[PDB]
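A quick note on method: Cβ atoms are made from the backbone with ideal geometry, for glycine too, and the neighbour counts reach across all protein chains shown. Each value in this text was obtained by applying a stated rule to the coordinates, not by laboratory testing.
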Protein chains: 4
Amino acid sequence: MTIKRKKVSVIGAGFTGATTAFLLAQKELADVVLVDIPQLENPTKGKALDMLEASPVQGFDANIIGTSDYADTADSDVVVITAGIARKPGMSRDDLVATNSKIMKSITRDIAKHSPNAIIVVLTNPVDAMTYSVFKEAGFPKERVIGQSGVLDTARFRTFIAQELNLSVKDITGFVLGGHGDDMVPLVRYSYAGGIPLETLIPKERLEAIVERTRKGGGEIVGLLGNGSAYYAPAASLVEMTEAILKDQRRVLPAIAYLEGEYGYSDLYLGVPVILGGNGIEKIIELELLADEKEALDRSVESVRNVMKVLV
Amino acid sequence: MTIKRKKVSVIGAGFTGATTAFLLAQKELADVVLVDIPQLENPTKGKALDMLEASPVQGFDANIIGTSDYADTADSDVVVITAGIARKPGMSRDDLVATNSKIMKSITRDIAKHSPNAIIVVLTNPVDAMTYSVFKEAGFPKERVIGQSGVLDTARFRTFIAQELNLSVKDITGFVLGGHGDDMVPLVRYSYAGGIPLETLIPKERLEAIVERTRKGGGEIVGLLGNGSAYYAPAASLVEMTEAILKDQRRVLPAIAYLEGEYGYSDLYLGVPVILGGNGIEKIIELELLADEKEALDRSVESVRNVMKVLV
Amino acid sequence: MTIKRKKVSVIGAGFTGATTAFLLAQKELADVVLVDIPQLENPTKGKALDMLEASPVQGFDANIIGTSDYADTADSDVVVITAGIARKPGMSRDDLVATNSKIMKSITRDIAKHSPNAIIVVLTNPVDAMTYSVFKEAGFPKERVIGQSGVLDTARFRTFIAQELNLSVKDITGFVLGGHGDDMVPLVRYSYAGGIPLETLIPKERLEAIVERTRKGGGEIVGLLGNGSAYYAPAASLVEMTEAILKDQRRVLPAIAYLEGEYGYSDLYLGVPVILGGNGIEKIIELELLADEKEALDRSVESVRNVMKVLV
Amino acid sequence: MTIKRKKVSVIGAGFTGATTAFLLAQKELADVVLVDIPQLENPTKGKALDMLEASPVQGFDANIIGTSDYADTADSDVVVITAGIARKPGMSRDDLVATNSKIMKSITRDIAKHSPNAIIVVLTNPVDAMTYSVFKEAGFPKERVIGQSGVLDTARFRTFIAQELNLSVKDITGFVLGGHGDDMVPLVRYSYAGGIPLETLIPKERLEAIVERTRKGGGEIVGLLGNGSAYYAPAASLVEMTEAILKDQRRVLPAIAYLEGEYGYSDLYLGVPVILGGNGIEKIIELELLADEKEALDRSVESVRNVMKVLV
């Protein structure tokens, strides 16, 4: 009967998790629960309190708490998973998946136990295999376990194109399938400035350089920082997906989604175009791909399946 | 002739500076220049790039660059100074001022040389003496050199009251003069919920406890974090002041401002109520204080003047 | 299971109703249903379509439909009533209440039948008696039938004070009990600029003139327009109340609420300070009034009760 | 030296002009001056006052005045022209241009006299010929005299497509050249859902029906209303263009711009893709058109030139 706010729990209180929590609160999307391990309870509480203390300045009405008790996550509408070790250049997907999947087992069980009807959005890398690991543990329908990947890659692409052309980011679009790095399958033919195909505005070699920059983009930020990794753009990407869900917007966005026949593939998570709304994955949209795009995507599938073999 | 964006430079690329840069960009208030020392050029660039790469997601049109070259700060409308060592419990104001004022001399000279008509907003602690140090080096009129203090303290107070009463932060107000900690002179008689005096809504001892929490509030966040300090609420406070200036809003806010007779004091910076707009300090508003408030403020003045003696 | 948007129906597609619908949609607060009589179905649809066609420009995701079929209002979270004849100078409350209460009977029944758990917010004048008429027909708990009055009066007051002092509207507050016009009981002692009492900033006669302007403020707009009445500020006031409810903000705001002992009165609606949130009226806040304020409020009560005698 | 707000004057205080003024103020883009003839001074003031009185509710800091004295428009950054008779079905372009161009002569002279460096955005129909009439009277460079057309047409298209597909309006794009109605040259090949070509998602006949609906869209709203015309979506379209200019965003948008060789045409205004920023028209973007598109655009040019012959 009482009209109540949405609730989001953000798992992992490192910079991407904390930043996601703040951005959600700032937009008055939900009350936020920022979660981390018991040994880090006080820093988690400190982050959440600092965020809360910003709220009267900017004027946003949100509760934000820090916790190590999954009871506090009960009946979350969305749970965003940012826990685990960050991807770095020179780390193999296989080592990272072994590390992160071991951490995540107990986490997924605790999430699902307290919010049986949550939609889970996974940041943790390598996200194609990690989203699968979460899906297998959670006991949820596939539509409710999704990963983040292409929003961030398209954000970086759009930034690079916007700076190349000196144009508003509002009017640039990018399009990617697959995953990050060598797994990314960009469709520059579906990438525009104000709807105008980018191939007509930027010469081939420059556009190739921008695509390569996009492939390497997370590593670029890691290299500049010296220690740490990106978190503003990853957080913003998580929040855009979370907002689509909480507000049932039926956005068309790239997401890491479970395939059972789509694009000819089955039984893995892969970056694909989806309609995102209040049910989670509303639809996977199947494009007519050109031969080269389809070969690239086949390679991305094989790569993801190789990383999956590591899971126990 | 070309209509151009405002420009803000943020000095110091630690968490409060970076966060301020992001929040300004996010609000499309200005193009942002994030500055730090040459030895940290790549991390500064990495922070700025990550922020920029968030912009297509959220849709904000801002340039954000990282630099170590004060040439890039030229003709800034506002310069926000966040550089220096953070305040911590057990650090004396005298030691911190010696440290931070030595760092700041060359910084202020570089700011003023490149943006002779800037308004400078100072975060660096101890802010009453540090704002004075910046004022003496810059060669600017007093109205254009201001410090941040009471916005953050009132933000924390409002958060505590909002949680005590379970009421919107939008409707709680606080009122403080002086500075932080033992220097704070709160006026609970000018603190309300929806205009209703808080003394009528909360018993004396609880209200006293909340005032004491406000006095200790930065240390509270330092203690929970274990390493580091607050940055979301300090950043939000800087941005509110910056916005008032850039948009000539003539907000009524507590600020650290130079006194030449106001409240009976001269030749120091002190936290006082001001009208903040496109000239910087538009007016210092002189209240009729009660005897106890005036004694407290006299003590705060003596404390600030004692810290000033350290400056060389 | 599907996370779904809130739903608001706005009854009456004149300028205040249409404007409320647009502002709600613009803020992505809800899907909106704009309702009017069957004979005006096409204009209602035309208004709603024009609003909907604005949505891609500004980027807001809202459904907005026009209708004459109360089936389309089913399961509304909030229903905002703007139907009826507008108040004008020289119209007596007694004539207006007879007119508007006859119109409203069938409307309230239709609302309650289709959304038994709605919170109703009433604009229609004379709002103290009209909210009562809606309350008696609806079969809802008092907390879920509320009227708008003091938000608009305080908005006008704040505008006048802001212009007098040349200060941000963000920092001015006003405080009123009762209703409009001669029924308004302002508390200038609870009215501030940045928390500073306005009696200390503006001389008595000027402040009296601004209070009188507030009393007459709706008529002022009627007189300037020549035909029609205010709708931007009334719409904004409705939306602020609606937002408080939909987002469970627990705002402290003046509202027209049913009294059963509060302030010593019973069995009428009266403008009083409330906490507004997801249950509707969360609490009526009882102030300690001065003798003159209490006499004024007694007169306002007698005036409202005299208008109530007209209801059949 | 004082940092000051931007200033926009909106000429014509009918519903599209008033609505534009409100939306600009609401976004804190500028101080607004709403202008109309001396005989309508009081209603213009009444509209502006009602808007201003909304500002404390929503919290926006803007001055909004109503006037009949072009002195009050002095040094406007942008002037938006909404004055004149609205287009209706069955009104010929030739009659409307004779009517509206006679009204506008004195208006343009008064604008240019008081704001010699303004950018003028023209709504008044028939906009291709009316923008030309304003350009010839104003004495301004072509880049600073522009008309609105394609933003509104693309907004309606995007609304129709969004409803057809049940997808976020944020992710639909449309693309039009020329002008309204029979003059519109849509490029459905440059129209997408999340970058996916709409021709792959909607069958030909449905897409044709949606294009025809777009051609007729202003008349549709006129027919539903019975009296009056659209104003929410036209206002939103004006504000998007104004925002691009005031914030130097370099948006890629359709606009009515003066051609001196672009697309092979000279010496008329025509709807074309532009980069819009702080100089006005930053660039006209020349597409490679297909034979059918180019024939359609040639017909649109001939139609505009025929209406131009009416101008004296």
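Just a few scattered comments:
- For peptide D:87-93, the mean count of partner chain Cβ atoms within 10 Å of a residue's Cβ comes to 0.
- Shielding by partners for peptide D:15-27, expressed as the average number of C-beta atoms from other protein chains within 10 Å of each residue's C-beta, is 2.
- Residue B:182-residue A:286 FRET efficiency (beta carbon distance; Förster radius 60 Å; 0.05 resolution): 0.35
- Charge dipole magnitude, Cβ of K and R +1, D and E -1 - the protein assembly as shown, Cα centre, debye nearest 20: 0
- With N as its number of residues, the protein assembly as shown has a Cα radius of gyration that, divided by 2.2 N^0.38 Å, comes to 0.91.
- Nonlocal amide H pairs with residue C:268, under 5 Å, H built at 1.01 Å: C:259
- Going from the fewest other Cβ atoms within 10 Å to the most, the residues B:115, A:168, D:68 appear in the order D:68, B:115, A:168.
- Neighbouring partner chain Cβ atoms per residue of D:276-282, average, 10 Å criterion: 3
- Cα-Cα over 19 Å, subset of B:4/D:170; A:4/A:27; B:7/D:4; B:204/C:283; D:170/D:247: B:4/D:170; B:204/C:283; D:170/D:247
- Residue D:299 label point (Cα plus 7 Å toward Cβ) to equivalent points in the other copies: 4.7, 7.2, 8.5 nm, shortest first.
- Each stretch of four or more DSSP H residues adds -39500 (n - 2.57); spread over every residue of chain A, this sum gives -14000 deg cm²/dmol at 222 nm.
- Length, then width, then depth: along the principal axes, the Cα atoms of the range B:1-149 run 45, 36, 28 Å.
- Cβ-Cβ FRET estimate between residue C:212 and residue C:136, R0 fixed at 35 Å, reported to 0.05: 0.55
- Note on the range B:141-192: Kirkwood hydrodynamic radius from all Cα pairs is 11.9 Å, rounded to one decimal.
- Whichever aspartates and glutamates have a C-alpha closer than 20 Å to that of residue D:113, once near sequence neighbours (fewer than 8 apart) are set aside: D:31, D:36, D:69, D:72, D:75, D:77, D:137, D:143
- Of the peptides B:292-298, D:238-244, the order by per-residue mean of other Cβ atoms within 10 Å, starting with the highest, comes out as D:238-244, B:292-298.
- Along the axis of the charge dipole computed for the range B:150-310 (Cβ charges of +1 for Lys and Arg, -1 for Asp and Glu, origin at the Cα centre), the listed residues B:237, B:187, B:200 are led at the positive end by B:237.
- 16 Å cut-off, amide nitrogen to a point 7 angstrom out along residue B:94 Cα→Cβ, residues in the range B:274-312: B:302-312
- Anchor residue C:216: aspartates and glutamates whose Cα lies under 17 Å away (excluding residues fewer than 8 positions away in-chain): C:153, C:182, C:183, C:205, C:208, D:50, D:53
- Ratio of Rg to Rh over the range B:150-310 (Cα coordinates, Kirkwood Rh, two decimals): 0.96
- Convex hull volume per residue in cubic angstrom - Cα atoms of chain D: 143
- For residue B:264, label point 7 Å along C-beta direction: distances to other copies, nm: 4.2, 8.5, 8.7
- Centroid-to-centroid separation of the range A:179-241 and the range C:131-173 [C-alpha atoms, Å]: 49
- Rounded to the nearest 20, the size of the Cβ-charge dipole of the range A:1-149 about its Cα centre is 380 debye, with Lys and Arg at +1 and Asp and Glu at -1.
- Fewest-first ranking of D:260, B:199, C:137, using other Cβ atoms within 10 Å as the exposure measure: D:260, B:199, C:137
- Rg/Rg_ref, the range B:75-169, where Rg_ref = 2.2 N^0.38 Å and atoms are Cα: 1.27
- Backbone N atoms of the range B:1-34 closer than 18 Å to the 7 Å Cα→Cβ label point of residue B:117 belong to residues B:1-9, B:30-31.
- Translational diffusion of the range C:132-235, µm² s⁻¹ [Kirkwood Rh, Cα pairs; Stokes-Einstein; 10 °C; 1.306 mPa s]: 106
- Neighbour-count order for D:65, C:284, D:161, fewest beta carbons within 10 angstrom listed first: D:65, C:284, D:161
- Placing a label point 7 Å from the Cα of residue D:90 along the Cα-to-Cβ direction, the distances to the matching points in the other copies come to 3.6, 7.9, 8.6 nm, shortest first.
- Near residue A:67: Cβ cut-off under 13 Å, other residues only, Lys/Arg at +1 and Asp/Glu at -1. The net charge is -3.
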